[PDB]
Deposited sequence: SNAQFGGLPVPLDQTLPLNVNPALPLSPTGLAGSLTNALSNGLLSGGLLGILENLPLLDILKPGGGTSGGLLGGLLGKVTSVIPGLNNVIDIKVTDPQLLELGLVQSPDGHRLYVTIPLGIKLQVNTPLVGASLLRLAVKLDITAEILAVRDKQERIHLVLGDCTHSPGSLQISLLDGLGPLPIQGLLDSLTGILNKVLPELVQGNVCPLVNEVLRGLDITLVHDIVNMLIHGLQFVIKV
């Protein structure tokens, strides 16, 4: 089952991310930190328990993708990510929405010189990767009256959040990859040779 560089890099990346650890990073996202208006936020806190609450669970990593530029000098790894968002309200003590979330992080890997060598270029959220799906709901009301408003803000906040949280890690994983694996992959890029087919 030993294989070539392409299959070795993605296998090595995954193992690096998981010992990062990515899943913990994907469980401890500060979604509320960022996500009338404040009057309610104030009335509930001063209420002396309420508001809505959001739990992050079932974080997961899926099979990485790998694509190489036609010229052969650049590598683009895509990192499919998954989380579930449990939307509740402690006030009534009920769960209103259960969402499944999927998102991709597209990291570009470059070869660079500074006397370590295989480095992260652009880390970003792939456009169109964010798929929010309804898993469960208290009833027809939150689904017909809350979801779309909720997902709407989510399509605006999450991607840049995940990118910012995940993106540092992959760089830490690139530097720390097997020395000999890196060396070989660099050679192939420098000479614009295809190893991802």
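Gaps in the coordinates relative to the deposited sequence fall at 1-26, 62-72, 86, 154-156, 239-240.
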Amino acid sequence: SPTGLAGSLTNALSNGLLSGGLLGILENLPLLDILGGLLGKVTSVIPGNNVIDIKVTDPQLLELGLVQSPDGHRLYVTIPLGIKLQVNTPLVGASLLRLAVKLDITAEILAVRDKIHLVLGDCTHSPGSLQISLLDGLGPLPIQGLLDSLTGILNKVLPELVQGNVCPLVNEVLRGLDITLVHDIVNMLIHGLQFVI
From here on, numbers count along this sequence of modelled residues.
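Mean CA temperature factor is higher for 91-99 when stretches 104-112 and 91-99 are set side by side in the entry. When the mean C-alpha temperature factors of 154-162 and 24-32 are read from the deposited coordinates, 24-32 comes out higher. When the Cα B-factors of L66, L147, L130, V45 are read from the PDB record, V45 comes out highest. Of the candidates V51, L134, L62, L169, the deposited coordinates give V51 the top C-alpha B factor. In the deposited entry, the Cα temperature factor of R74 places it in the middle third of its chain's modelled residues. Residue-level temperature factors show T10 in the lowest third of its chain, judged at the C-alpha atom. When the modelled residues of the chain are ordered by C-alpha B-factor, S1 sits in the highest third. Remark: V173 belongs to the middle third of its chain, ranked by C-alpha B-factor as recorded. For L81, the recorded CA temperature factor ranks within the lowest third of the chain's modelled residues.
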